[PDB]
Amino acid sequence: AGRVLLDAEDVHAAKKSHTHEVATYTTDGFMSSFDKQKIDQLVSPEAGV
Amino acid sequence: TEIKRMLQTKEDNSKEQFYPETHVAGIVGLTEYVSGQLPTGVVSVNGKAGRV
Ligand SMILES: [Fe+3]
């Protein structure tokens with residue numbers, strides 16, 4: 001009661017600035033920065049015949 | 001600055017107190033009095049009240 005300060009905690013909600021764990025071999029999650037750093041440099045397959 | 005109760009003589013023998021009507025603009029401390037009132041429960045939620 002009184003002056004009540006409500007944030008995402010007392011409602012058990014995710015923060016606006018929140019991040020999930022990176023995906024593992026058996027877990028689903030964010031894609032890691034170095035995963036993309038490996039992906040982009042990986043040249044696309046060459047289409048010949 | 002005294003509060004005087006007005007007395008009026010009834011028909012048989014008595015002298016009863018009677019009240020005069022006043023307008024809401026007449027009482028001199030009414031607005032401060034109603035301003036000083038505070039809500040019992042949550043006054044405001046996250047800086048906002050009423051229909052929240
Ligand atoms: Fe999320």
# chains A, B, ... in the order shown; residues from 1 in each chain; ligands from 1
$ residues_near_ligand --ligand "ligand 1" --cutoff "8 Å" --atoms "only C-alpha atoms and all ligand atoms" --output "PyMOL selection string"
chain A and resi 14+18-20
$ interface_residues --of "chain B" --to "chain A" --cutoff "9 Å" --atoms "only C-alpha atoms" --output "VMD selection string"
chain B and resid 39 to 47
$ select_by_dssp --residues "chain B" --states "strand (DSSP E or B)" --output "number ranges by chain"
B: 6-9, 15-18, 44-45, 48
$ write_last_selection --atoms "C-alpha atoms" --output "tab-separated table (two decimals), in the first residue's frame"
chain	number	residue	atom	x	y	z
B	6	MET	CA	-27.47	30.21	18.27
B	7	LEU	CA	-30.36	29.65	20.69
B	8	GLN	CA	-34.03	30.07	19.76
B	9	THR	CA	-37.10	30.02	21.99
B	15	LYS	CA	-34.71	27.24	24.22
B	16	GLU	CA	-33.09	24.95	21.65
B	17	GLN	CA	-29.94	25.41	19.61
B	18	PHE	CA	-30.55	25.95	15.90
B	44	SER	CA	-0.82	6.02	-6.25
B	45	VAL	CA	0.72	3.25	-8.36
B	48	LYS	CA	-0.48	7.47	-11.14
$ residues_around --residues "residue A:31" --least-positions-apart "3" --cutoff "10 Å" --atoms "only C-alpha atoms" --output "compact mmCIF listing (two decimals) with N, CA, C and O atoms, in the first residue's frame"
# COMPACT_ATOMS: atom_id res chain seq x y z
N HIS A 20 19.00 -13.74 -23.37
CA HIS A 20 18.97 -15.16 -23.06
C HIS A 20 20.34 -15.79 -23.31
O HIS A 20 21.18 -15.25 -24.03
N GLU A 21 20.55 -16.95 -22.69
CA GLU A 21 21.80 -17.66 -22.82
C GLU A 21 22.00 -18.15 -24.26
O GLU A 21 21.05 -18.43 -24.99
N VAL A 22 23.27 -18.23 -24.66
CA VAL A 22 23.61 -18.69 -26.00
C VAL A 22 23.26 -20.16 -26.13
O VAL A 22 23.41 -20.95 -25.18
N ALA A 23 22.78 -20.55 -27.31
CA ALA A 23 22.39 -21.93 -27.55
C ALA A 23 23.59 -22.86 -27.42
O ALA A 23 24.71 -22.53 -27.81
N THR A 24 23.34 -24.04 -26.85
CA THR A 24 24.35 -25.08 -26.68
C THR A 24 24.00 -26.26 -27.58
O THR A 24 23.10 -26.20 -28.42
N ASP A 28 18.46 -24.32 -26.68
CA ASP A 28 18.03 -23.36 -27.68
C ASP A 28 18.14 -21.95 -27.11
O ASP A 28 17.59 -21.68 -26.03
N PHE A 34 30.55 -14.60 -32.21
CA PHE A 34 31.58 -15.26 -32.98
C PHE A 34 31.02 -16.33 -33.91
O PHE A 34 31.66 -16.66 -34.91
N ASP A 35 29.82 -16.85 -33.63
CA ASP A 35 29.17 -17.72 -34.61
C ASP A 35 28.88 -16.96 -35.90
O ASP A 35 29.14 -17.47 -36.99
N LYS A 36 28.37 -15.73 -35.79
CA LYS A 36 28.15 -14.93 -36.99
C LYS A 36 29.46 -14.50 -37.62
O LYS A 36 29.58 -14.41 -38.85
$ atom_distance --atom1 "atom CA of residue B:3" --atom2 "atom CA of residue B:38"
27.0 Å
$ select_by_dssp --residues "chain B" --states "alpha helix (DSSP H)" --output "PyMOL selection string"
chain B and resi 30-36
$ atom_distance --atom1 "atom CA of residue B:24" --atom2 "atom CA of residue B:50"
24.8 Å
